[PDB]
Each structure stands twice: as C-alpha cells, then as structure tokens.
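S.K.: coords please:
(chains A and B, ligands or ions: 1)
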Amino acid sequence: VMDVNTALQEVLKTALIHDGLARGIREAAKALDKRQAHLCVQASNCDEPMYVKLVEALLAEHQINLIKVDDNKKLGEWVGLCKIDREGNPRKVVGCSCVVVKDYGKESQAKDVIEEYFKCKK
RNA sequence: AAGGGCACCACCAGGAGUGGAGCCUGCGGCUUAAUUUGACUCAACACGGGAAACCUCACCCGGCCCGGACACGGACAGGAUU
Ligand SMILES: [Mg+2]
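M.R.: Numbering: from 1, shown residues only, chains lettered A, B, ... in the order given. And now the structure:
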C-alpha cells in the first residue's frame, strides 16, 4: 500500500512543482468539467452527504479515475497547501477536501496510476 | 581730524533718460473658499530662469487609490481575498 499512496504523493508533488493543480471545490469543478483533467483525490471524513454525492456523482459521469483518502487535514498537509516551516506547524490550515491533477509534468511515475486504472478496470 | 591716492555702481563737461500719460509686468495693500509661497537699502520688487487655461501646484471645494516593505499573531481551498 506504500507503493500506491507514496506513489501519488510523488505524483502530486511533481504536479504542483511543475504546474498548478486545482485545490478546493470551485477550481476542482472548473478543472474537471474541462476535458483534460486526470484523476481526482478527495477526502473521506466529510460531514455532509450532498458534498460527497456531488463530487463522486459528477466525476463518475466523466471518465476520470478517483482515489479516496481518509482525512482532509493530513491530505491538505500533503498537497502543499500550507506554510510549512520545518520546526513549526505541519498544517496550520483546514486541509483541502478535494483536488484534481491537471497535468503530471512528466511521465516518470505514471505507471502507478496506470496500474491503479488497471485494478479499477479489474 | 590731518596727509597721500583712486572709482561714470562718484562728481565735473554732456548724451540718452527714468520720475508725468496709456498699457505690460513684479511687489504691498484691500477683497476672497483660495487669491499658495520665498526675497524688502545698495546686496527684495521682467528675481526664484516664476511668459500658471489643464498639468505645473504647494492654495480652495469635492471625490477615488495604496503605490501601508517586513516581522509576529489571527482568520483561511468547507475560501484569505480580487
Ligand atoms: Mg548713484
């Protein structure tokens, strides 16, 4: 399970240092409605059902992959949406709830989401 | 006070004048919301290279903008904000 979660860690890291990936609900909607977006990542600890039924029901009608992570806070720490000093707060913000990767930057570690799509089609 | 010398920003011998008139322009005063301000014997007053319609622009009457770095807290991708 390390070789998939750390894998999309590296994927979103190279995506955000190479370009801008959409962070937050409005940019996520406006980025995946356009027909270039790669997989979405969204949290599991959401407290309201219309938010989650919106995001899954609106990504499933597209042809885009989905990976679900348990907490939004630690995800937001992962997605670079913070002011991380190496001796202070890891995540001083309420973390992000859903992102979408517009571009990977390069094809170094695309095999992880390739086999992710394989087991999704399994 | 005396004794030497000197200068048309002194005089003499004169020339052209200015002071008088209309106008231009600079100062004071008066008036004004404001009539921005400096300079007042030579050594201020067509001077600030100052002939301002706007800008200049300081002054008056109104109305936008931040072009308030940075540091520390706060709030923040369920949205700081434009
Ligand atoms: Mg004389």
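S.K.: hey, which helix is longest across chain A?
M.R.: For chain A, the helix with the greatest residue count under DSSP state H is helix A:2-18.
S.K.: can you list the residues of chain A near RNA strand B?
M.R.: Neighbours of RNA strand B within chain A, by Cβ under 7 Å from any atom of the strand: A:23-27, A:45-48, A:72, A:76, A:81, A:92-98. Yep, even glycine has a C-beta here, placed from its N, CA and C like the rest.
S.K.: buried stuff in the longest helix of chain A?
M.R.: Using 16 or more other Cβ atoms under 10 Å as the test for burial, helix A:2-18 gives A:7-8, A:11-12, A:14-16.
S.K.: next one: stretch A:40-52
M.R.: By neighbour count on 16+ other Cβ under 10 Å, the buried set for stretch A:40-52 is A:40-43, A:52.
S.K.: Tell me the one of these nearest residue A:68?
M.R.: Nearest to residue A:68 out of these is residue A:42 (Cβ to Cβ; 6.2 Å).
S.K.: Can you verify my assumption that that closest one contacts residue A:54?
M.R.: No. Counting by Cβ atoms under 8 Å, residue A:42 does not reach residue A:54; the two are 10.4 Å apart.
S.K.: SS state for the most centrally placed residue in chain A?
M.R.: In chain A, the residue lying closest to the centroid (Cα atoms, centre = their mean) is residue A:41, at 3.0 Å. Of the three states, residue A:41 takes strand under DSSP: H, G, I helix; E, B strand; the rest coil.
S.K.: is it in a bridge, and if so with what?
M.R.: residue A:67, residue A:99 (DSSP bridges).
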